[PDB]
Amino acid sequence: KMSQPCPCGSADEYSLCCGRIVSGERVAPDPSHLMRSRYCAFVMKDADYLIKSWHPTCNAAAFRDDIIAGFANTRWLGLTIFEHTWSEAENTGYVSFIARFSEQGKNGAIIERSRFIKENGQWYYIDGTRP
């Protein structure tokens, strides 16, 4: 009735899922959590988080405006993760996902395997490859 299920699809309340991470209250334990959290930020148009979650070498602040601009063109309709891998030895991780959306009234889906890198206890997004 008054539930606020997380936009990531976890069946958990946002406050207790991706929301505590985007709030800064909780560090993302793994690449999957970060991916989910970034998806929620896209859905909730945060951008500041999307920049904080972007690997520092990418200089995200510089393209903040383009992130905002992107918010207006797409409507997110769902996230489905089908693969996840990570290791402390590599400080690297991967998340394969399908993100469905709508653009100009036309539906579509993204299928990508994103890479995440860890720096000082925190995971950051960096790159991607179409699996």
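Note that residue numbering follows the sequence shown and begins at 1.
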note = With B-factors read from the PDB entry, the higher C-alpha mean of 79-87 and 61-69 is in 61-69
message = Can you tell me whether 100-108 has a higher mean C-alpha B factor than 33-41 in this record, or the other way round?
response = 100-108
key: For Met2, the third of its chain into which the C-alpha B factor falls   = highest
request  = Give the position of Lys52 by CA B-factor within its chain, expressed as the lowest, middle or highest third.
outcome  = middle
inquiry  = Ranking every modelled residue in this chain by its Cα temperature factor as given in the entry, which third contains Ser15?
reply    = highest
query = Which third of the chain holds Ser23 when residues are ordered by C-alpha B factor: lowest, middle or highest?
reply = highest
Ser114 - Cα temperature factor, lowest/middle/highest third of chain = lowest
